[PDB]
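Comments concern the structure below.
Here is how names work: the chains are called A, B, and so on, in the same order as the sequence lines, proteins then strands, and each is numbered from 1. What's counted below: heavy atoms across the whole structure, side chains too, no hydrogens, waters or symmetry copies.
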Amino acid sequence: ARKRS
Amino acid sequence: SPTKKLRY
Amino acid sequence: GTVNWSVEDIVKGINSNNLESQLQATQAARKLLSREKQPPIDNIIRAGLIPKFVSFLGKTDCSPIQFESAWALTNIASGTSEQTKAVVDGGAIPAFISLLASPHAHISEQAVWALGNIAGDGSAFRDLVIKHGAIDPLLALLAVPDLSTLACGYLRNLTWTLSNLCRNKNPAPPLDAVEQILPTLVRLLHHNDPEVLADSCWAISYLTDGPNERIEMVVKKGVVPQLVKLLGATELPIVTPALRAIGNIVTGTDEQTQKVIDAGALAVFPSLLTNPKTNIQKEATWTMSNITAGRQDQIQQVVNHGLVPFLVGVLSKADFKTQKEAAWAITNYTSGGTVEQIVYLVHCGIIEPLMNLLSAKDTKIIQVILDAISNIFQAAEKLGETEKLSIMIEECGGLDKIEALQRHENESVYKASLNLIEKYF
């Protein structure tokens, strides 16, 4: 669960 | 928002 | 009078040594360049007129020709990168910066506009405008006790040009320029004009489109609550950039995302996730996907605000790109969430739409959905409810889709579907 730009 | 604008 | 001149006549007038004839020819050029259809920018450039206009910018003794040349050059600079470059190569940047301090408001405004076009070309001309010293006089124009005393169009043009100075990446604007501009941007973000608000939000969205240090520069100013307020606005030209800025901010650290949550942003997402404008729905679902990638207490605040049913809704029916953002939000949720949160997700009806989306052609959404299904099955394992979940997936028709994906071209989909079937079905 990592951020997506 | 536009990058450039012409004045009419 | 000065209407419908040929370029030949404009050249003849500008080449005369009569300042009044030059003024009339320059006004004719301005009117030609201000026409709706196909302004002959390239003809004016090829005529060699840019250096003359630039020299006229410096005629302090003849404000009308300053204004006419500034307008003509503004409109030349409004075109392609080659035409903007023609304006810059003529020396226009320092001349326009010198005009920013003109005692004539319409001349100062025209210089603001021209510098906005130049900076809006891209990061190189943006940084060149900055290096010539535009920020100090620009911001001095806005150093008044109450912005409401300024003319509306003047203030809108200043806000727009500042937003262009905040715009573009590779590289992003210089850190010191951003620090210099941000306070005036906060003030403008509290202004009442819808166009000023829209362009201030756009500027903030540019400044938050980057690494966590840029986001931090912005959030330190305390603007997140005002951004959430604007997120609740009725004017879509305001909601769009406000939502972009909030999404950018939640791409940062968990603490910055928490600043967004504490300001009350989640309470707006029932409307945003059902907004009739597809772009708003997509951006809001992307923002949600980055919030569900956060801490378990942040996932819990998503739950408490009743947003899981809205994610089920978007997954069930929406434009396909929004549905892909929702699939991402669900996979992040299941990757970071507790067992109780995941079972709640199942109780809200996620399985059926998640399985219906497995019929899509996009391989990445299939991978995302299979990862989410694996996470949900792992929670079920912890509860000994794997059989109920398998029966649910089989009843909605997902087992057929998974066994069909077993013959998928991509290796990851192949292997994940095989694992699911061999482990739970």
Mind checking side chain to side chain contact (heavy atoms under 4.5 Å, CB included) for C/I342 and listing every partner two or more places apart, or none if nothing turns up?
C/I376, C/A379
Donor-acceptor pairs under 3.5 Å, chain A to chain C, main chain and side chains both?
{"unit_1": "A/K3", "atom_1": "NZ", "unit_2": "C/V250", "atom_2": "O", "d": "2.7"}
{"unit_1": "A/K3", "atom_1": "NZ", "unit_2": "C/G252", "atom_2": "O", "d": "3.4"}
{"unit_1": "A/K3", "atom_1": "NZ", "unit_2": "C/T257", "atom_2": "OG1", "d": "3.0"}
{"unit_1": "A/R4", "atom_1": "N", "unit_2": "C/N290", "atom_2": "OD1", "d": "2.8"}
{"unit_1": "A/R4", "atom_1": "O", "unit_2": "C/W286", "atom_2": "NE1", "d": "2.9"}
{"unit_1": "A/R4", "atom_1": "O", "unit_2": "C/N290", "atom_2": "ND2", "d": "2.9"}
{"unit_1": "A/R4", "atom_1": "NH1", "unit_2": "C/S289", "atom_2": "OG", "d": "3.2"}
{"unit_1": "A/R4", "atom_1": "NH1", "unit_2": "C/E325", "atom_2": "OE1", "d": "3.1"}
{"unit_1": "A/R4", "atom_1": "NH2", "unit_2": "C/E325", "atom_2": "OE1", "d": "3.2"}
{"unit_1": "A/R4", "atom_1": "NH2", "unit_2": "C/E325", "atom_2": "OE2", "d": "3.3"}

In terms of heavy-atom pairs under 4.5 Å with chain A, which of C/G252, C/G247, C/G294 leads?
C/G252
